[PDB]
There are 2 protein chains.
Amino acid sequence: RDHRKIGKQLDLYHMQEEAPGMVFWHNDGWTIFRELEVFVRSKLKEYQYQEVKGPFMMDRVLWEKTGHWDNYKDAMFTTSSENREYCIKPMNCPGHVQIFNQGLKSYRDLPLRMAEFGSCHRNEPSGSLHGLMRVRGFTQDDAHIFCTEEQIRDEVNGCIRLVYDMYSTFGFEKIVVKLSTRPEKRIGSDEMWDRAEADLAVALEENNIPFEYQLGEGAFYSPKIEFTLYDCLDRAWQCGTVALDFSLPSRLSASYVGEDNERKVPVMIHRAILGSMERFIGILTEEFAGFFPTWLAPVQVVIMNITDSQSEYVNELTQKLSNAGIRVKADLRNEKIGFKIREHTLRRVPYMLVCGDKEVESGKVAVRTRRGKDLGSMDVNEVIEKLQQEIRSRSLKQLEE
Amino acid sequence: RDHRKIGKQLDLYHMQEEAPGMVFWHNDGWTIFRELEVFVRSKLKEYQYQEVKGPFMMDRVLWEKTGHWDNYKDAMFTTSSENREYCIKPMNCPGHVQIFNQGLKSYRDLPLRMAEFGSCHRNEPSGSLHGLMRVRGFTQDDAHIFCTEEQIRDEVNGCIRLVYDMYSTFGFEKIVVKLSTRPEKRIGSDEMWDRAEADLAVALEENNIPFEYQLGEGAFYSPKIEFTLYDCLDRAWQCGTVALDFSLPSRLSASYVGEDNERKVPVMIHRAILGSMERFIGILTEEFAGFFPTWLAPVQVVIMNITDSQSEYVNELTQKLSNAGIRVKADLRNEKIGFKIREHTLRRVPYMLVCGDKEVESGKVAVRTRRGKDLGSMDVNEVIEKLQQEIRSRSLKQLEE
Ligand SMILES: [Zn+2]
Ligand SMILES: [Zn+2]
């Protein structure tokens, strides 16, 4: 159940010494990554977010103003051009404040939710790297909510709904929640931390979530709620984070015009459900042991043929299933039919369609799954509808499974 | 008509001094970018390309084995970690070969078409940076085809088909083709250079494409066909690129087992239709002067009420259209109906739905386009149905013109 072993077997990704801690996504692995984007983008529309894209490196003067430079200078990549030093972004927080700062905003623009699939780069030690779990180049499903102080409860409640909503799609139902409090090197007065810590504590209790206090483990700018999910091996994975930041928007001079026509600093809420999506794919690879659900499968259907008589019929089927929105390959190789079926069974292709002379003259197809489950002959349109339902619903279990 | 003024007016993007030549894509601009990605991915499916992803930095040693370091080392960014120098990738070619090298390849795996929306960073002088046309961080629609010598004539013909297929969607019909020959600073044998240059000219003749040679304007490793398009102002924009490479696969130790069971070095084709997608968005911005086709419009439909009586009926339509996959926004401000239409016309929204009490009872809408035309009262399901066809077909023309 090692993702590195399964990743090599299914041709999902690879890593090499020339880029330590950075992933070479192959076609099948990228399909999973992009399909996770589609699911996340589906939730961003449902929860009414904005998707933006910031630049990959910015001037060091920005990271000095946030205080990130004074704290994580060793963990950042630096580069220079025209006697100016730039940092490859390890976080999307300052980049989102820049977008919010363009054009005067009013209180009617809030709550303004801003998400991004930002690719970040942290200079982790090479000895600390392990597969997809600990990488240098990662992509966080970051988002920052700009809202007023009266809107904190409603925004955090929406974030908590999203944390459990997205985890339930993958089957993760056991979740442990912590609450990281102020550390010994922080910014912002005590009374700001007091109100921030109490805000997250109340929202956790109003959501009927039992939580423990991780004292001193919060970020230097905000206290955070940490969600830890458990896989089928009962292993704890810390993925979700929700923070309450009253300081960084002020340090970057973010302002909005309130109802009293007074300049006010907006509240910033950092949140990430999956965390590092590279790491989340590694968790899913081990959680399902390569048996990804149909909607996440790199190759959803393979249509083979027994002889060259059914070569035309398979091509007609591959075209039709593709137009229905199904990731389908056609295997017209010159091999034994038992050799083809085994290859795709090892590739964990959820469904494999076999076309003999009987299938062509009957207008049907024989279906077997990657589990050895044999479904027999089914009408072509019947199969298409069942795959469309299993993909739209993002169901975890297959047909007859 | 300058894309920077139109970009600021439509809230598409912005740039600042802290990131020279690097774009802050706002929400509406990023919607255009992603809609381009969807269109390109639709072409990748039709033309049967793979989509992969590579790391954003790699060891300087890898960039030295290709000669990329020798040619443009002043155009690269460099960063260091644990006494190892890494270069932020300005090209996606080395990353794809590393993916190709992983795993044993035979002749049966060719042609291997591998595409990527790679984020590149070139260290351009700040005096040359202009808007979106000249940037430091750009996203190319790169693709590399690994094929045998016999497959060259078909694979290059496939690229030429793709170039004219994609440009037809945007209405560009005046394409000017050049063939960049070898430069005086180059690598590879003369005999290899003549095979590649002659093959490109033959491929253009087979498609009945008039072209001129361009001496010395080719890459150090391959000759390339350069596609230049003309906008409605008759200005030449060089976007397309198809190169025939005999040099880099040999240098990066890429090989495939042939039919003779003897290892052979594959032929590489570098393909790029749109080029820099930030630059393409800028060209489209000036070509349409902000009147993006409905399939690219950040906000396709705006629904407005004449008074507070129609507030609820407007919201039902906003939800009904949103479920139909249309980018619909509701305008419920307390402003005269003429003021709303004038504002959203300046925002170049394709369609504007006005809802009076006559519309609430009849269940219909009043359609007004950004061109000042009036389409009268139409059934809501009829408006949705025709709007969907205009998007799925990526039609340049709007309704009733
Ligand atoms: Zn953040
Ligand atoms: Zn290339």
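Per chain, the count goes from 1 following the written sequence and can depart from the entry's numbering; residues without coordinates do not appear at all. To read the labels, note that chains go from A and ligands from 1, taken in the order they are written. In computing side-chain properties, one takes all heavy atoms of the structure into account and sets aside hydrogens as well as water. Residues with missing side-chain atoms are left out of burial classes, side-chain pairs and their counts.

Going by the header, the method for this PDB entry is X-ray crystallography, and the resolution given is 3.22 Å.

Identification of chain A as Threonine--tRNA ligase from Escherichia coli is taken from the PDB entry.

Caption draft 1: Region of interest: the environment of A:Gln310. Residues and elements named next belong to chain A. Relative to the helices and strands, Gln 310 resides in the loop between β17 (301-305) and α10 (311-323). Partly exposed describes any residue whose relative accessible area lies between the buried limit of under 20% and the exposed limit of over 50%, with all areas from a 1.4 Å probe on protein chains only and scaled to the type maximum. Assessed through its relative accessible area of 1%, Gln 310 is described here as buried. In sequence terms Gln 310 and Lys 358 are 48 residues apart; their C-alpha atoms lie 9.8 Å from each other. It only takes one pair of heavy atoms within 4.5 Å for two residues to be counted as in contact. The residues contacting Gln 310, other than those within four sequence positions of it, are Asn 305, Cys 355, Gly 356, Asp 357 and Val 360. A polar atom in the side chain of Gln 310 sits 3.2 Å from the backbone nitrogen of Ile 306. Polar contacts, as used here, are pairs of N or O atoms within 3.5 Å; protein pairs need one atom able to donate a hydrogen and one able to accept it. Residues neighboring in sequence count only if both atoms are side-chain atoms. In this structure the side chain of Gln 310 is engaged in a polar contact, spanning 2.5 Å, whose partner is the side chain of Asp 357. Only DSSP runs of H or I reaching four residues or more are called helices, and only runs of E reaching two or more are called strands; each is numbered from the N terminus.

Caption draft 2: Broad picture of the coordination of the zinc ion (ligand 2). Residues and elements named next belong to chain B. Listed as protein donors to the zinc ion (ligand 2) are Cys 93 (SG), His 144 (NE2) and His 270 (ND1); their distances from the metal cover 2.3 Å. The rule for donors is simple: an N, O or S atom within 2.8 Å of the metal counts, and for Na, K and Ca the reach is 3.2 Å. Water is not among the atoms, so a site may look short of donors. Taken in chain order, the donor set of the zinc ion (ligand 2) reads C-x50-H-x125-H. A residue pair is termed long-range when its members are at least 10 positions apart, and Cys 93 in helix α5 (residues 93-101) and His 144 in strand β8 (residues 137-147) qualify at 51 residues. Under the relative-accessibility criterion, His 144 is labelled buried at 0%.

Caption draft 3: Inspection of the relation of the copies chain B and chain A at higher detail. The transformation that overlays chain B on chain A combines an axial shift of 0.0 Å with a rotation of 179°, and the residual RMSD is 0.6 Å. Between the two chains, the operation in question is that of a two-fold axis. Proximity to the rotation axis, assessed at the C-alpha, singles out B:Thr79 in chain B; its C-alpha lies 3.0 Å from the axis. Taken together, the interface assignments show that 98% of the residues at the interface of chain B recur at the interface of chain A, consistent with an identical surface on both copies. Here the copies share a frame obtained from least-squares fitting of C-alpha atoms.

Caption draft 4: Representation of the packing of aromatic side chains. Planes of paired rings set the category: under 30 degrees apart is stacked, over 60 is edge-to-face and the rest tilted, where pairs are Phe, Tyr or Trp rings (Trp by its six-membered ring) whose centres lie within 6.5 Å. Summed over all chains, the structure comprises 27 aromatic pairs over all chains. Between B:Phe39 and B:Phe170, the aromatic rings sit 5.6 Å apart at their centres with planes inclined by 85°, giving edge-to-face as the arrangement. Taken together, the positions of B:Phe39 in helix α2 (residues 27-46) and B:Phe170 in the loop between α6 (152-169) and β9 (175-180) put the pair 131 residues apart, joining distant regions of the chain. Put simply, the rings of A:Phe39, A:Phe170, A:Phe172, A:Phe280 and A:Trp295 touch in pairs and so form one group of aromatic residues. Positioned over the ring face of A:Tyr72 is A:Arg122, at 5.2 Å from the centre of the ring. Placement of a charge over a ring requires the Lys NZ or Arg CZ to be within 6 Å of the ring centre, with the centre-to-atom vector within 35 degrees of the ring normal.

Caption draft 5: A look at the domain arrangement of chain A. Residues and elements named next belong to chain A. What fixes the domain bounds is an automatic or database domain assignment. Taken domain by domain, chain A holds domain 1 (3-287) and domain 2 (294-392). Here the C-alpha centre of domain 2 lies 40 Å away from the C-alpha centre of domain 1. On the side of domain 2, 8 residues touch domain 1, which itself brings 13 residues to the contact. When two components associate, each loses some accessible surface as probed by a 1.4 Å sphere; the sum of these losses over both components is called the buried area. When the two sides are added together, the surface that domain 1 and domain 2 hide from each other amounts to roughly 830 Å², 70% of it contributed by carbon and sulfur. By definition, a salt bridge exists where a carboxyl oxygen of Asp or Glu is found within 4 Å of a side-chain nitrogen of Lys or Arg. Our count for the contact surface shared by domain 1 and domain 2 stands at 2 salt bridges. Taking the shortest distance from any N to any O, the salt bridge between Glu 35 and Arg 327 comes out at 2.9 Å. Linking domain 1 with domain 2 are 2 residue pairs in polar contact, by the criterion used here.

Caption draft 6: Focus on empty space enclosed by the protein. Throughout, the protein atoms alone are placed on a 1 Å grid, and a set of points is a cavity if a 1.4 Å probe fits but cannot get out or a pocket if it is open with protein on both sides within 12 Å along at least five of seven lines; lining residues have an atom within 4 Å of a point. Grid points are joined across faces, edges and corners, and a volume is the space filled by probe spheres set on the points. As a volume, the largest cavity reaches approximately 680 Å³. Along its surface, the largest cavity is lined by 43 residues, and A:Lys53, A:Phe56, A:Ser119, B:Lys53 and B:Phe56 are the ones closest to its centre. When residues of the lining of the largest cavity are traced back to their parent elements, those giving at least two are α2 (27-46), β8 (112-121) and β9 (137-147) of chain A together with α2, β7 (112-121) and β8 of chain B. Counting residues per element, the lining of the largest cavity draws most heavily on β8(A), at 5 residues. Ten residues, namely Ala, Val, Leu, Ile, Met, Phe, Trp, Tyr, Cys and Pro, are considered nonpolar, four, namely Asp, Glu, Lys and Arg, are considered charged, and the remaining ones, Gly among them, are considered polar. By residue class, the composition of the lining of the largest cavity is 21 nonpolar, 10 polar and 12 charged. Computed from the structure, the second largest cavity encloses a volume of approximately 100 Å³. Taken together, A:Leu10, A:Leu12, A:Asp28, A:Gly290, A:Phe292, A:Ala297, A:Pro298, A:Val299, A:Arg347, A:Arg348, A:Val349 and A:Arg370 make up the lining of the second largest cavity.

Caption draft 7: Spatial organisation of the packing of helix α6 (residues 152-169) of chain A against helix α7 (residues 190-206) of chain A. Residues and elements named next belong to chain A. Note on method: axes are straight lines fitted to C-alpha atoms, helices fitted across the in-contact stretch only, with angles between N-to-C directions ranging 0 to 180 degrees. At a minimum axis distance of 10 Å, the contact between α6 and α7 shows a crossing angle of 55°. Relative to α7, the element α6 is oriented oblique. Viewed along their axes, α6 and α7 form a crossing whose handedness is right-handed. Contacts from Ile 152, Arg 153, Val 156, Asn 157 and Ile 160 in α6 reach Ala 198, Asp 199, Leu 200, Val 202, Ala 203, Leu 204 and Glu 206 in α7. Within the contact of α6 with α7, the residues separate by chemical class into 8 nonpolar, 1 polar and 3 charged. Just so you know how the angles are binned, under 35 degrees is roughly parallel, over 145 roughly antiparallel, 65 to 115 roughly perpendicular, and the rest oblique. Here a crossing is called left-handed whenever its near helix is offset anticlockwise from the far helix by less than a right angle, and right-handed whenever the offset is clockwise.

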